[PDB]
Amino acid sequence: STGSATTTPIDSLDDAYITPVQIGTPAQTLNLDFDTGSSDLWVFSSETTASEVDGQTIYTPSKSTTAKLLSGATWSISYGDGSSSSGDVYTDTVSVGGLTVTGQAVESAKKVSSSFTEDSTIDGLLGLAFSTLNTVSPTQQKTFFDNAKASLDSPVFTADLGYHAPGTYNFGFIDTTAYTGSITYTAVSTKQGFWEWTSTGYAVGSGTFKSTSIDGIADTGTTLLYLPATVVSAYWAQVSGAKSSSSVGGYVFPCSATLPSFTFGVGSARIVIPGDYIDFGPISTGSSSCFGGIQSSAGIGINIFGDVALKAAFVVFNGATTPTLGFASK
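Here it is in structure tokens:
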């Protein structure tokens, strides 16, 4: 089997991408944030505290003839940005782009933190990291990809995120028309439960490539590119007037600036992030200070190749017995 679904930016900045997912019988379609940095499929639901729902579409398990309470199971998750959610668990039929999994754990939120409530466009998350990170207790549950894997034509999924435009998540096949050149594959460590890999270096604009190992994670659920402070300083030094602002929470730059590109290495190959992709717009409405899309990871504990980086590439998440990542230009 295969599946193919369009993913759409939630706003004009590409802050996140939503993909429609069919849950239950008859189908209830929710727009989920596919997150290669986590491993829970959780949804706003008929059980979510009413004051914490503000415009989201909810899953109502009592209206699904295939839903079953997973007795005793609870979940609770906290994300790198400080947001969180928790609740109980149902199993139900879940379909993405024509690919169907029966018996998928659907984690129903009883509580969500304010950042989720305040974003009416995201109805939940669909985790695509390794199932060892799934938070369901006392019996850990498998991700949608893990459950689908054996049925897929090939045990892979691909992320093709758009810049200010829709893109595609495919399951079970690699669309050879969706990229240019060849795909360069690189080794993955699953020791932390992430799609963790080592970039071979970087360049700023037309500058020389610096060969240096940068370990990090491929995370579709993080907006920006978080890298070591040395690398980030070298980037913003090429933008007149750019500076790190403790009050704003990162590097800002004059909105009148033209930003240089940023290249990262994948083995001997190179992925170029155009300068435009690094502009996240005014810090507040009407401001002439703009927020940068490359930020320091120093306070995180891990480097994160988020959407800023991933949307410059066609990305293969190869879930074979020994997983690997592939990157192609597009």
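Per the authors' numbering: the sequence shown = residues 1 to 330. Ideal Cβ placement from N, Cα and C applies to all residues, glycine included.
* Asked: Using the C-alpha atoms, what's the distance from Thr-258 back to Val-43?
  -> Position 43 of the sequence shown, counted from the start, is the residue given in the question as residue 43. Position 258 of the sequence shown, counted from the start, is the residue given in the question as residue 258. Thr-258 has its alpha-carbon roughly 40 Å from the corresponding atom of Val-43.
* To do: Alpha carbon to alpha carbon, how far is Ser-83 from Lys-149? Give it in angstroms, no decimals.
  => On the sequence shown, position 149 is the one that residue 149 refers to. On the sequence shown, position 83 is the one that residue 83 refers to. Their backbone Cα atoms lie some 29 Å apart in a straight line.
* Asked: Among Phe-262, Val-252, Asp-307, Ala-313, which residue has its Cα nearest to the Cα of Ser-288?
  -> Within the sequence shown, numbered from 1, the residue matching residue 288 stands at position 288. Comparing Cα-Cα distances from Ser-288 to each of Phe-262, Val-252, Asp-307, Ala-313, the minimum goes to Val-252.
* Asked: If we count the other Cβ atoms within 10 Å of its Cβ and call it buried at 16 or more, is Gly-249 buried or exposed?
  -> Position 249 of the sequence shown, counted from the first residue, corresponds to residue 249. Looking at its Cβ environment, which holds fewer than 16 other Cβ atoms inside 10 Å, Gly-249 is exposed.
* Asked: Exposed or buried, what is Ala-109 when buried is set at 16 or more other beta-carbons lying within 10 Å of its beta-carbon?
  -> As a working mapping, residue 109 is identified with position 109 in the sequence shown. So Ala-109 counts as buried.
* Anticipated Cβ contact below 8 Å, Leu-152 with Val-106, distance rounded -> Here residue 152 corresponds to residue number 152 of the sequence shown, with the count starting at 1. Here residue 106 corresponds to residue number 106 of the sequence shown, with the count starting at 1. The C-beta separation of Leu-152 from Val-106 comes to about 20 Å, leaving the pair out of contact by the 8 Å criterion.
* Secondary structure of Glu-196, DSSP reduced to three states -> Counting from 1 along the sequence shown, the entry for residue 196 is found at position 196. In this structure, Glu-196 counts as strand in the three-state DSSP scheme.
* Asked: Hey, out of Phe-314, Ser-245, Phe-262, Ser-296, whose CA is closest to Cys-290's CA?
  -> Residue 290 sits at position 290 when you count from the first residue of the sequence shown. Taking the Cα of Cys-290 as reference, the smallest distance to any Cα among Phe-314, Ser-245, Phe-262, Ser-296 is reached at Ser-245.
* May I ask you to list the residues that DSSP assigns as paired with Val-252? => On the sequence shown, residue 252 is found 252 positions in, with the first residue counted as 1. In the DSSP secondary-structure assignment, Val-252 is bridged to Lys-243, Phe-291.
* Do the region 3-20 and the region 156-163 make contact, defined as three or more Cβ pairs closer than 8 Å? -> The region 3-20 and the region 156-163 touch, with no fewer than 3 CB-CB distances between them shorter than 8 Å.
* Alpha-carbon to alpha-carbon, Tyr-90 and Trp-75 -> For the purposes of this step, residue 75 is identified with residue 75 of the sequence shown, where counting begins at 1. For the purposes of this step, residue 90 is identified with residue 90 of the sequence shown, where counting begins at 1. If you draw a straight line from the Cα of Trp-75 to the Cα of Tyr-90, it comes to about 11 Å.
* Would you mind reading off the limits of the alpha helix (DSSP H) that contains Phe-145? => What you label residue 145 is simply residue 145 of the sequence shown in a count that begins at 1. Secondary structure note for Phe-145: its alpha helix (DSSP H) is the uninterrupted segment 144-148.
* Asked: Quick one: Cα of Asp-119 to Cα of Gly-87, how far?
  -> For the purposes of this step, residue 119 is taken as the residue at position 119 of the sequence shown. For the purposes of this step, residue 87 is taken as the residue at position 87 of the sequence shown. Distance between the alpha carbons of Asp-119 and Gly-87 is about 19 Å.
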